[PDB]
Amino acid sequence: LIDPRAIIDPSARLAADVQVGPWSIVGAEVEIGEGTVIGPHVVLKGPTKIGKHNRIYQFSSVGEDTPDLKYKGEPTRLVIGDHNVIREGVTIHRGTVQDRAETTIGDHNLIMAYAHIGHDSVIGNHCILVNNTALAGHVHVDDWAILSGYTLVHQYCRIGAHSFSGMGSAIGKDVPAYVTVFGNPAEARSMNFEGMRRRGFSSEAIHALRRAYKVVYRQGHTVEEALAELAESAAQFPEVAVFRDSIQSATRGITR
């Protein structure tokens, strides 16, 4: 289960059915939960906590220090939840003290080859980061979001739930929930109706979100004006409230 060619630090805690492949390093203060398979040629650094039924593939560096010139060796953390797939050559950096000292990943996330998750980023659940997606730092990715290949995200951006970025997008402003963005710089194109159908949203909820999109994007309304007008629809449909909350929380401005 633990390959003999692997290096397991004395201070690392592993669960019973944890598999570690050859030429992998499990460093000091790395906990790894039940059902988790660490491939060959993985480097894990701590303090890091990994959940259960996770798969980390070869040439991944999970829990390295950020090279960000404001980090200075503080004992910052990385937390990964359950049922995640981290593919080949992914880099995940621990938090910085300037902002909560923790990088967090939720459950059922799929982080494809050579993706980069920067210091202090927060991923939710059921997210897909396609190959070479890069989160600069302090990026919040809400549940069910899809960032397509080579999507670049500037520090401090919020990517809303069920949002979609096109391949090679460069995001500089918050992406609201359900919104589709494309290009460098990314600009909003529509709502992720496909994404909503893929979760059996009530058709009334899809029609409600289509209306909400128009209130914000296609009616010359200011953000305050749009939020005001979304109030009733929000209180009526919890689906619309996610959208409403994602704009309200974006006082860095929204991706247009």
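The term rigid core refers to the most C-alpha atoms you can superpose between the two forms while keeping them within 1.5 Å. Throughout, we count residues from 1 along the sequence that is shown.
- Farther from the shown form on average, by C-alpha root mean square after a core fit in 8 other deposited structures of this protein, is 97-105, of the stretches 97-105 and 112-120.
- As recorded in the PDB entry, 70-78 is the stretch of 70-78 and 176-184 with the greater mean C-alpha temperature factor.
- Of the two stretches examined, 143-151 and 96-104, the record assigns the greater average C-alpha temperature factor to 96-104.
- Sorting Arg189, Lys49, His53, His221 by the CA temperature factor given in the entry leaves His221 at the top.
- When all modelled residues of the chain are sorted by CA temperature factor, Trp23 is found within the lowest third.
- Placement of the Cα temperature factor of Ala208 within the chain: highest third of the modelled residues, per the deposited record.
- Split the chain's modelled residues into thirds by C-alpha temperature factor. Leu230 is in the highest one.
- Split the chain's modelled residues into thirds by C-alpha temperature factor. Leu44 is in the middle one.
- Among all modelled residues in its chain, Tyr217 ranks in the middle third by Cα B-factor.
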